[PDB]
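Only one chain is included here, represented as structure tokens and corresponding to the form deposited in one PDB entry.
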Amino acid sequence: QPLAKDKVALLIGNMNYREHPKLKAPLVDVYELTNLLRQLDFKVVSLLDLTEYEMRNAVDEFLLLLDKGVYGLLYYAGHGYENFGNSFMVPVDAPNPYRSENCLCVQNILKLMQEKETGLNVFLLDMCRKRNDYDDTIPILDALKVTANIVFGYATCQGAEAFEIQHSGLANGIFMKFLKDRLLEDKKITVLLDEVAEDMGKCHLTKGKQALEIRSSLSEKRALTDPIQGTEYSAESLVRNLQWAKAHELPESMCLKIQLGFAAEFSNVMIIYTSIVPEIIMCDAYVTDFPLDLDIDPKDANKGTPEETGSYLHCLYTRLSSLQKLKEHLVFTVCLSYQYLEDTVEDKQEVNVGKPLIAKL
């Protein structure tokens, strides 16, 4: 009955902090939520490990996709803080110590979302809400307009810590552990988040240390399940969603004189795989000469299985992460060390795959 002009969402999962403790669960939380929002006809873009410039750019491009009637969801998984009722998200490049200037203000984002006349504004912040001692600054953000459509789902309470599970390899954080079981329901997002809070109050590991906090002002019965108002083939549904369509362009399966495959893990995380397509005793397929921007290590490249590269879910797999850092076209060498005869020859073919996923932007 209530309808969405469009349903767009942004997910940011910071783990690899340069001067702060490292998290491991924001990978699976962002992967799992992206899939659930896609099930709910949402157009999504998930990005792991972003710096201040990258986070601000991904937030600035999320605002272009928004317009009157659109449903805008922002999920954040990683380090954060709350100073005088203002929540901030900490990027991986933020120093130690840090202030407001280094982090993105969740509140400012909502102000810019309001200017675009959004029909629903959701913010699920899966971060710690503990105070920052160094942050002395206190800006007076000019009071948000009364839109009656803002839902905030914080993984923890003010001055409390949001936790992740250590035990498993694909272990979820407390918030996503419960949210995944309830997200697909056809209830109002406030009602949906209420059910999550009850399930959370049934975990003995979270008692007294993590409770869900919901701030809301939503007056209409709006849900993530809400249908899109128009066809996805109009000179409006294409113009508005043009940029999102470009950041989903996986490279075409390259043929080698060996087969090159291209898989998408996250909008900024690619995964390549070389395949073995009578006179040759043995041959080796290897991948090298990767741009110095992506900062890959040979120990983590050309692994046997995808799990050996730090990814979710017979070839030689390479996890091409941080695709946002790529400056002009991805070009790499496909080494071929074959044996006919005691001789062994080495061939190098330069494969250009263009600008894939987020790098197209």
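What we label the rigid core is the largest C-alpha set whose atoms superpose within 1.5 Å from one form to the other. Numbering starts at 1 and follows the sequence shown.
- Judged by the one-third criterion across other entries of this protein, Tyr154, modelled here, is also modelled in every one of those that cover both its neighbours.
- Compared with other deposited structures of the same protein, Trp244 does not meet the criterion of being unmodelled in at least one third, since all of those that resolve residues on both sides include it.
- Unmodelled residues of the deposited sequence between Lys257 and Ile258: 4 to 9.
- Unmodelled residues of the deposited sequence between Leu313 and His314: 4 to 9.
- The question of which stretch, 75-83 or 244-252, has the higher mean Cα B factor is settled in favour of 244-252.
- Looking at 348-356 and 9-17 together, the entry lists the larger mean B-factor for 348-356, computed on C-alpha atoms.
- Among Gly159, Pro278, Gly230, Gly119, the highest C-alpha B-factor in the deposited entry belongs to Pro278.
- You'll see in the entry that, of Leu63, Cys335, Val44, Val30, the Cα B factor peaks at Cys335.
- In the PDB entry, a CA B factor belonging to the highest third of its chain's modelled residues is recorded for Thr288.
- In the PDB entry, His167 places in the highest third of its chain by CA B-factor.
- Ranked by C-alpha B-factor against the other modelled residues of its chain, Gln114 falls in the middle third.
- Among the modelled residues of the chain, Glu328 sits in the highest third by CA temperature factor in this PDB entry.
- Sort the modelled residues of the chain by CA B factor and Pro139 lands in the highest third.
In what follows, reference is made to the form deposited in another entry, a form of this protein that is not presented.
- Comparing the two forms between the shown form and the other one on the rigid core, the single residue of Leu33, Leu323, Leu66, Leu47 with a CA shift of 2 Å or greater is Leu66.
- A displacement of less than 2 angstroms separates the C-alpha positions of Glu265 between the shown form and the other one, with the rigid core held in common.
- In the core-superposed comparison between the shown form and the other one, the C-alpha atom of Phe123 has shifted by less than 2 angstroms.
- After superposition on the rigid core, the Cα of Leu110 moves by 2 Å or more between the shown form and the other one.
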